[PDB]
Amino acid sequence: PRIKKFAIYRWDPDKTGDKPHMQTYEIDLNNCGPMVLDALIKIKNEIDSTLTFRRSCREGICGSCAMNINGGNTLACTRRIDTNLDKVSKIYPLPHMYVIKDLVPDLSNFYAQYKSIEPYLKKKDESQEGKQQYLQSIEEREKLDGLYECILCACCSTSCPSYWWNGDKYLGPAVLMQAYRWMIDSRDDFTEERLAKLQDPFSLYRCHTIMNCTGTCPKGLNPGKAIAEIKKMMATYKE
Amino acid sequence: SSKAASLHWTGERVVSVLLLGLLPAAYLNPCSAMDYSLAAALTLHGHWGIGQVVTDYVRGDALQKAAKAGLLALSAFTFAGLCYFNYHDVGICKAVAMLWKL
Amino acid sequence: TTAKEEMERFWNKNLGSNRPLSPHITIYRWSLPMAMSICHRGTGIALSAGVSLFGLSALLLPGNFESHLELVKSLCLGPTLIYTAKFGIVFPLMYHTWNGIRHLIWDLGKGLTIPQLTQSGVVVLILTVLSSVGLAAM
Amino acid sequence: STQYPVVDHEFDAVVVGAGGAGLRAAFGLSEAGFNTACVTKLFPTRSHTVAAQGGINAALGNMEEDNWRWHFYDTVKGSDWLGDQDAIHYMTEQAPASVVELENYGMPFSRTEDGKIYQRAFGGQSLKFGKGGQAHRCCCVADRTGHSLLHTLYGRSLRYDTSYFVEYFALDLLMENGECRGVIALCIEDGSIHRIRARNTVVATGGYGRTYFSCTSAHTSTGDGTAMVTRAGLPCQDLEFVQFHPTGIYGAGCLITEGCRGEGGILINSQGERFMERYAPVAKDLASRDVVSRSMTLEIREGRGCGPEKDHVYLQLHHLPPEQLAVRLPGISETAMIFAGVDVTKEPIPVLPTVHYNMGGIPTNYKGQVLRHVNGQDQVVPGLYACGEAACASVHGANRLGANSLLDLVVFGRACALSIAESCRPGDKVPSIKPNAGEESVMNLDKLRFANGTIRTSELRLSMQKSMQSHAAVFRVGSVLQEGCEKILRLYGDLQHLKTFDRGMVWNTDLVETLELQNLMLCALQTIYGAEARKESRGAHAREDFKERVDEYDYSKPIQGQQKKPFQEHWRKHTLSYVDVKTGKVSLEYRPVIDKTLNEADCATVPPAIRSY
Ligand SMILES: *Cc1cc2c(cc1C)nc1c(=O)[nH]c(=O)nc-1n2C[C@H](O)[C@H](O)[C@H](O)COP(=O)(O)OP(=O)(O)OC[C@H]1O[C@@H](n2cnc3c(N)ncnc32)[C@H](O)[C@@H]1O
Ligand code: HEM
Ligand SMILES: CC(C)Oc1cccc(NC(=O)c2ccccc2C(=O)O)c1
Ligand code: SF4
Ligand code: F3S
Ligand code: FES
């Protein structure tokens, strides 16, 4: 009977005068799945059904269960519980984000930023579209590897300190990486005006290569690398 | 769509490679000309550096504009003072040298 | 609904509510690269404060540089104690200089993976001590 | 009453579902100049088409020389002749057209030497009408086809002025006198109730895989629109037909794609024998979703279990070059290590046949129009459409051919768009909703919000799941089905004994998962009863007792002086299920399969035959 302790952030907006506090739960690992989400649902189902959280695939390809586990922004269905029963696992909502309730944050600004960068294929001539597939060589396709996989968990952007201090005007690495993704896509014709979209001090330039985004990424992707690659293009592009 | 933001970033790195180039050059070749170039590159790079902190940290309408004004005054005073020190005093290269063997 | 519209309405609902900010610095884990980021800012600010205090006092405080040194010479200071003041000047300077190259190597795009971030992290940290102790005895 | 703030919205059309089909229908409408509103309980990206891996089928001729009609034959064969051939015609013709569109939309498909879209082999596909070897027409984004699909559909959808209701749980259909007027939905953000009225209603709420204890599908596959259609009194088609994907991790039950078997992956029993060469001689381990998994689950019965429990089988990728596994299948390469703790290049994956797709659902036209069955005849429900896994145009029939659903999504999502656009006009009168409309949708909400039951919600979810898992498995006898039926029937009576704890407006996952339990149970009743009623072995539905493929004729011997069998005697027909919500009883009737194509000259009907790969 291996018992584990879970320290989790709790807040009820439908209770008056309630402010952020911590509630601890106890669970046996013999009946629980290997992952943190497995334990989250276990106490949600058996112990306390107030624990309100986001989940879907339990596979690591939605970005629904994105939360701060033990001071690290990762997916709860990919991270396995520390079998070490001496340590109490601290689970928190994604940092510096308005808590709606019990680990559920308001991502609507993060989403809105993804809209502002325009993540769709843009052609100068949209008259001949839908009839023949655009050619792209395996080399031109290789460039998108490690970029298209971004599941928009938003562990990334909200692990950047610069994003906590400049949430409104700084786009954040997750959103930024995709703007790059659509630049090196050999099909996209709008690469220059996409770079011209970042011509203020806040859009991309609140990056100071802190590199805390990469390494927290639950998919092993490297947003930081792509941000620095944007910066290079920003000086070496003419007109 | 002007590109002042991108060029500003380039300047920051061009003065960074300049400042890194000037520290050994000031050691190997201490002179009056080096004292002025080390005062010019030193104050500019520091100004842009702190400028980045103000924009990152100071959240406000007439707050950000005020701090940027105060920084420019501080830098303009810093550069002129260093220039005065190069002209009417020993000069950084011959001033550090004295300070160190002590 | 536009992209710019969504953001404006985001701030309106949240600021006019009882929704708390999720703990950020209070709970997040410490990493060497991020600690080395804070230190670069710390050393950057401190250094600029030194240069400014040096340039401003050249305009505001009376006397020449030679007279200002004879003012410190007459302060009964031992080699070990004058080495301490000498160290605490190069220590922040050398850190920022070496890490400065690390930032400049990053801007070229090279060495941006987690291994190379911790590798160059210790390499900068060691280079600092070796050049800080190595200079303070010249 | 009045505790809940009612807020009425006014639109041209409502789409319920942000996954693949739903999206393509949402912006497909807005592109045609429609004031469209999309309602979704998840965020668009988090929908379950993101969890897709294999690919999207199109006969582009990007590997070998191909024909879209060869894709027609293989789909209608796979459907075990329960597939409506008119819809299959429509889907296979639009197949290359819809995929080229997506590549132009921004889908970063993997690439060939020539520079074209990458197609690969997949289960159940052939060349020269099943007479010329294995077909390679599965267009893929290297093991992350669905992810890339859902994203590039959403990323492109931002271009249009569509009003998205993100994180809203649709409760019921706002029905008034046969015709639909829209949807009534709960706002999870602040607990409010919104009545969204329009001239048309597209439904793309996805599958109901979470009816079973073990499924590849996500937690939010609760067949909510299926229950929404069910509560309106509208019939549901072919609900007993449940796809079991052959390969999935023994543990949690995540999907390992069939694209493993299309690239060269093999299935191995306890001996080391390639057993899928013993069952299917010709097509081997690249056979049907039903034939492969039933062979697998039978090998467990024989005593050829592979693990320390003797209850699962193996999928070997060990022998394939690491070069190919990195480029072609990196999404499974990671998730196999992440979940099962297994390196793909050195040892095989533990796999088990578990629930995957739901070929049944809302009865649908080839145009996408929702069908009601009155007086033994088809009839169009006004102002209501359905598309995708959610619906049942039965383009998949009795068994879904591998990598067809993501096509089904796009094509039929687009269909609903054109079927609205080419029928009525934008700006036309939005029918006036009742002042009371959806009282018992709220009376359902308030009942469940304050529930003072003696049995917990979560334990009843497991009570339904394990019962389905044993009583309606791959194999099912009339013995376990009859007991299973009266067992599920009791678990519907327990729905007024359930206890809820969370009493808050803002984000009540306790309430919505319980609302999902009301929705899943309606799906479950119609699944199990349709299964015990159907007495044949067609596709994924295999009766141990009635192991015969019962058609109108005995298609083994040639039809000559053979007499036709009456309709209420053979089992080649669609299972339509109704359920009275109060009594919790299922009464079911049947309707003919469509055999004719759209144009016999361009695409000819393929009549029933002996079906084995
Ligand atoms: C389960 C599965 C399926 C799958 C697959 C892998 C897995 C694990 N891989 C596939 C593949 O590689 N190739 C392929 O062709 N198909 C594959 N599939 C099957 C396929 O993905 C599914 O059939 C398809 O994803 C279903 O899509 P659909 O458009 O029908 O919708 P969805 O993706 O399931 O998303 C559900 C949407 O409906 C909304 N919803 C649900 N309930 C409500 C209520 N209550 N109120 C408001 N909205 C609701 C959700 O918000 C969501 O957007
Ligand atoms: C020759 C050695 C030096 C080099 C190569 C160098 C270069 C750099 C570089 C590349 C950055 C990165 C900015 C970023 O993106 O975070 C930086 C930051 C900064 N530096 Fe320097 N610098 C040097 C010495 C100095 C000196 C002598 C001063 C002032 C006395 C100074 C003040 C600053 C300040 C204030 C910042 C901004 C801190 C921040 O916001 O992160 N540096 N420097
Ligand atoms: C995890 C947390 C305790 O750690 C912290 C706390 C406070 C500030 C920071 N870091 C910065 O504020 C910072 C440091 C260097 C350069 C730019 C920034 C910036 O504001 O973007 C990190
Ligand atoms: S790049 Fe990685 S960390 Fe950032 S949003 Fe995408 S999956 Fe999350
Ligand atoms: S955490 Fe940061 S400032 Fe840039 S490198 Fe990453 S976004
Ligand atoms: S639920 Fe999809 S990533 Fe955790």
# chains A, B, ... in the order shown; residues from 1 in each chain; ligands from 1

$ residues_near_ligand --ligand "ligand 2" --cutoff "8 Å" --atoms "only C-alpha atoms and all ligand atoms" --output "VMD selection string"
(chain A and resid 207 to 209) or (chain B and resid 12 to 13 15 to 23 42 to 43 45 to 53) or (chain C and resid 37 to 38 40 to 51 93 to 94 96 to 104)

$ residues_around --residues "region 126-132 of chain C" --least-positions-apart "2" --cutoff "9 Å" --atoms "only C-alpha atoms" --output "PyMOL selection string"
chain C and resi 87-99+121-124+134-136

$ residues_near_ligand --ligand "ligand 1" --cutoff "6 Å" --atoms "only C-alpha atoms and all ligand atoms" --output "compact mmCIF listing (two decimals) with N, CA, C and O atoms, in the first residue's frame"
# COMPACT_ATOMS: atom_id res chain seq x y z
N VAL D 16 -22.14 22.60 -34.40
CA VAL D 16 -21.74 22.04 -33.10
C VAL D 16 -20.59 21.05 -33.30
O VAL D 16 -20.81 19.91 -33.70
N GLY D 17 -19.38 21.51 -33.01
CA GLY D 17 -18.16 20.71 -33.19
C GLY D 17 -17.05 21.51 -33.84
O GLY D 17 -17.24 22.13 -34.89
N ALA D 18 -15.88 21.50 -33.21
CA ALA D 18 -14.73 22.24 -33.73
C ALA D 18 -13.63 21.32 -34.25
O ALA D 18 -12.57 21.77 -34.68
N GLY D 19 -13.90 20.02 -34.21
CA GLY D 19 -12.99 19.04 -34.77
C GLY D 19 -13.23 18.83 -36.25
O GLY D 19 -14.38 18.64 -36.68
N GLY D 20 -12.15 18.88 -37.03
CA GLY D 20 -12.16 18.57 -38.46
C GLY D 20 -13.43 18.91 -39.21
O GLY D 20 -13.56 20.01 -39.77
N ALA D 21 -14.37 17.97 -39.22
CA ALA D 21 -15.66 18.13 -39.90
C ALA D 21 -16.35 19.43 -39.50
O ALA D 21 -16.71 20.23 -40.37
N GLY D 22 -16.52 19.63 -38.20
CA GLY D 22 -17.18 20.82 -37.66
C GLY D 22 -16.59 22.12 -38.17
O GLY D 22 -17.30 23.00 -38.64
N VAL D 39 -20.21 26.25 -31.99
CA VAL D 39 -20.31 25.96 -30.56
C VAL D 39 -19.49 24.71 -30.23
O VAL D 39 -19.69 23.66 -30.85
N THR D 40 -18.59 24.83 -29.27
CA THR D 40 -17.69 23.73 -28.90
C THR D 40 -17.34 23.73 -27.41
O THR D 40 -17.02 24.78 -26.84
N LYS D 41 -17.39 22.55 -26.79
CA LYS D 41 -17.08 22.39 -25.37
C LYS D 41 -15.58 22.42 -25.09
O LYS D 41 -15.15 22.80 -24.00
N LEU D 42 -14.80 22.00 -26.08
CA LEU D 42 -13.34 22.08 -26.03
C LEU D 42 -12.89 23.30 -26.81
O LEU D 42 -13.71 23.96 -27.46
N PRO D 44 -11.01 24.36 -30.18
CA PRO D 44 -10.81 23.78 -31.51
C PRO D 44 -9.64 22.81 -31.66
O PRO D 44 -9.82 21.72 -32.20
N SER D 47 -9.84 19.32 -29.74
CA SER D 47 -10.80 18.35 -30.27
C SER D 47 -10.11 17.03 -30.62
O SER D 47 -8.89 16.97 -30.70
N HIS D 48 -10.84 15.96 -30.84
CA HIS D 48 -10.18 14.67 -30.97
C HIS D 48 -9.59 14.29 -32.31
O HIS D 48 -8.93 13.29 -32.40
N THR D 49 -9.83 15.06 -33.35
CA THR D 49 -9.12 14.80 -34.61
C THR D 49 -7.62 15.11 -34.52
O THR D 49 -6.85 14.73 -35.41
N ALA D 51 -5.77 13.85 -32.24
CA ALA D 51 -5.21 12.58 -31.80
C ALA D 51 -5.03 11.59 -32.96
O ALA D 51 -4.69 10.42 -32.74
N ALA D 52 -5.25 12.05 -34.18
CA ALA D 52 -5.14 11.20 -35.36
C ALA D 52 -3.70 11.11 -35.86
O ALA D 52 -2.94 12.09 -35.80
N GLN D 53 -3.34 9.93 -36.37
CA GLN D 53 -1.95 9.61 -36.70
C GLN D 53 -1.77 9.11 -38.14
O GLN D 53 -0.97 9.66 -38.89
N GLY D 54 -2.52 8.06 -38.49
CA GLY D 54 -2.36 7.35 -39.76
C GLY D 54 -2.28 8.22 -41.00
O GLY D 54 -1.20 8.42 -41.56
N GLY D 55 -3.43 8.75 -41.42
CA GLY D 55 -3.49 9.61 -42.59
C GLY D 55 -4.88 9.97 -43.07
O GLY D 55 -5.87 9.78 -42.37
N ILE D 56 -4.93 10.50 -44.29
CA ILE D 56 -6.17 10.95 -44.91
C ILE D 56 -6.20 10.42 -46.35
O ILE D 56 -5.34 10.78 -47.16
N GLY D 146 -3.59 13.86 -38.26
CA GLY D 146 -4.75 14.47 -37.63
C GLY D 146 -4.42 15.77 -36.92
O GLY D 146 -5.15 16.75 -37.05
N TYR D 168 -18.37 25.85 -24.56
CA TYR D 168 -19.82 25.83 -24.33
C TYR D 168 -20.34 24.41 -24.54
O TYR D 168 -20.11 23.82 -25.59
N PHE D 169 -21.03 23.88 -23.54
CA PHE D 169 -21.59 22.54 -23.62
C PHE D 169 -23.03 22.57 -24.13
O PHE D 169 -23.94 23.01 -23.42
N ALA D 170 -23.22 22.11 -25.36
CA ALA D 170 -24.55 22.02 -25.96
C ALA D 170 -25.37 20.94 -25.26
O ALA D 170 -24.93 19.79 -25.14
N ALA D 204 -21.51 18.04 -35.55
CA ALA D 204 -20.27 17.29 -35.73
C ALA D 204 -19.61 17.03 -34.38
O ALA D 204 -18.44 17.37 -34.16
N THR D 205 -20.37 16.40 -33.48
CA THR D 205 -19.97 16.22 -32.08
C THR D 205 -19.05 15.02 -31.82
O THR D 205 -18.74 14.71 -30.67
N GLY D 206 -18.61 14.35 -32.89
CA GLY D 206 -17.68 13.23 -32.78
C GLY D 206 -18.27 11.96 -32.20
O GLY D 206 -19.48 11.87 -31.94
N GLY D 207 -17.40 10.98 -31.98
CA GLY D 207 -17.79 9.65 -31.52
C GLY D 207 -18.18 9.56 -30.06
O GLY D 207 -18.22 10.57 -29.35
N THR D 216 -9.34 4.02 -27.47
CA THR D 216 -8.27 4.87 -27.97
C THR D 216 -8.67 6.34 -27.92
O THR D 216 -7.81 7.23 -27.83
N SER D 217 -9.98 6.59 -27.98
CA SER D 217 -10.53 7.94 -28.01
C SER D 217 -10.35 8.72 -26.69
O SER D 217 -10.17 8.13 -25.62
N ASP D 224 -22.28 13.44 -27.67
CA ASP D 224 -23.25 14.37 -27.09
C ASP D 224 -24.37 14.75 -28.06
O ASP D 224 -25.53 14.85 -27.66
N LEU D 255 -3.60 5.01 -28.84
CA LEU D 255 -3.50 4.41 -30.16
C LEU D 255 -2.07 4.36 -30.70
O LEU D 255 -1.35 5.35 -30.67
N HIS D 356 -12.31 2.20 -30.97
CA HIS D 356 -11.61 3.23 -31.72
C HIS D 356 -12.56 4.20 -32.41
O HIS D 356 -12.55 5.40 -32.13
N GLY D 388 -19.24 13.69 -40.09
CA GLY D 388 -18.07 13.15 -39.41
C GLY D 388 -18.31 11.83 -38.69
O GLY D 388 -19.17 11.04 -39.09
N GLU D 389 -17.53 11.60 -37.64
CA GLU D 389 -17.68 10.43 -36.76
C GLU D 389 -19.01 10.52 -36.01
O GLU D 389 -19.63 9.50 -35.70
N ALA D 390 -19.42 11.75 -35.73
CA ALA D 390 -20.68 12.04 -35.06
C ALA D 390 -21.86 11.47 -35.84
O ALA D 390 -22.73 10.81 -35.27
N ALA D 403 -8.05 4.97 -42.21
CA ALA D 403 -7.70 6.31 -42.71
C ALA D 403 -8.76 6.94 -43.62
O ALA D 403 -8.44 7.73 -44.52
N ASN D 404 -10.03 6.62 -43.36
CA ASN D 404 -11.14 7.19 -44.13
C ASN D 404 -11.90 8.30 -43.40
O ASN D 404 -12.53 9.14 -44.05
N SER D 405 -11.86 8.28 -42.07
CA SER D 405 -12.65 9.22 -41.27
C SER D 405 -12.22 10.67 -41.41
O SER D 405 -13.06 11.57 -41.45
N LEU D 406 -10.91 10.91 -41.48
CA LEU D 406 -10.40 12.26 -41.69
C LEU D 406 -10.78 12.79 -43.07
O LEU D 406 -10.88 14.00 -43.27
N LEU D 409 -14.57 13.46 -42.57
CA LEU D 409 -14.67 14.75 -41.89
C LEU D 409 -14.71 15.92 -42.88
O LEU D 409 -15.70 16.66 -42.92

$ closest_residue --among "C:13, C:113, C:7, C:75" --to "chain D" --atoms "only C-alpha atoms"
C:13

$ residues_near_ligand --ligand "ligand 3" --cutoff "7 Å" --atoms "only C-alpha atoms and all ligand atoms" --output "ChimeraX atom specification"
/A:161-162,165,206,208,210 /B:56-57 /C:24-26,28-30,34,37-38,40-41

$ closest_residue --among "D:218, D:280, D:386, D:506" --to "chain C" --atoms "only C-alpha atoms"
D:506

$ interface_residues --of "chain A" --to "chain D" --cutoff "9 Å" --atoms "only C-alpha atoms" --output "PyMOL selection string"
chain A and resi 12-15+33-35+44-46+48-64+78-79+100-101+104+114-115+118-122+129-138+141-142+144+148-149+151-152+182+185+187-188
